[PDB]
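Next up: just one chain, as structure tokens, the form solved without its partner chain.
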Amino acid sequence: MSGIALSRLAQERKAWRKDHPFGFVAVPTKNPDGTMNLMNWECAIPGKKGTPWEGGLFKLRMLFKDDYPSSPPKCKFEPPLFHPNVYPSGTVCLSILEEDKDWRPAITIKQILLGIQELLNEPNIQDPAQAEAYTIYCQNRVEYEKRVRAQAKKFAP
């Protein structure tokens, strides 16, 4: 069942290179032998501007199962981020990234990355994944945005 997947990831790639949103990165990693790993991607998401996430470029890895595209990718921030919906392991907690929920095989890698970027400044109250970020986000948002700006500055080239 890897054929439909490797092909699909391959439809994702050239469409991405031909046209993709500005400041976004999505690149399949490369094997030591000299082949291409389509099941594993190194991606980057830019912070929206007018926000505390601004000037920031935040790196995440995308992993695809063999039954892709009927299963969603596993999206993990490396390094892990300070966000209410991001686990200490860097895993992203999103509704469209889980199969029994709002995942569709029609969902593009672009749509995923955009949804996560949207999630950056719009945390979901119903998906606590990180204790510190969630609690501070609710309690004192000024201080929360303080942390976000420091983190954004840390990942600005």
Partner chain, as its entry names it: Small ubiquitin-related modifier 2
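Residue numbers count along the first chain shown, from 1. Take the two forms, superpose them, and find the largest set of C-alpha atoms that agree within 1.5 Å; that set is the rigid core. Residues that one form lacks are left out of the comparison.
In what follows, reference is made to the form deposited with its partner chain bound, a form of this protein that is not presented.
- Residues of 87 to 116 placing a heavy atom within 4.5 Å of its partner chain in the bound PDB entry, in sequence order: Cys93, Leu94, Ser95, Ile96, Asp102, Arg104, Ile107, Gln111, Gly115.
- Only one of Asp127, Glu122, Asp67, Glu99 has its C-alpha shifted by 2 Å or more between this form and the one not shown once the core is superposed, and that residue is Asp127.
- Relative to the superposed core, just one shifted segment between this form and the one not shown, defined as three or more consecutive residues with every Cα moved by 2 Å or more, spans 125 to 127.
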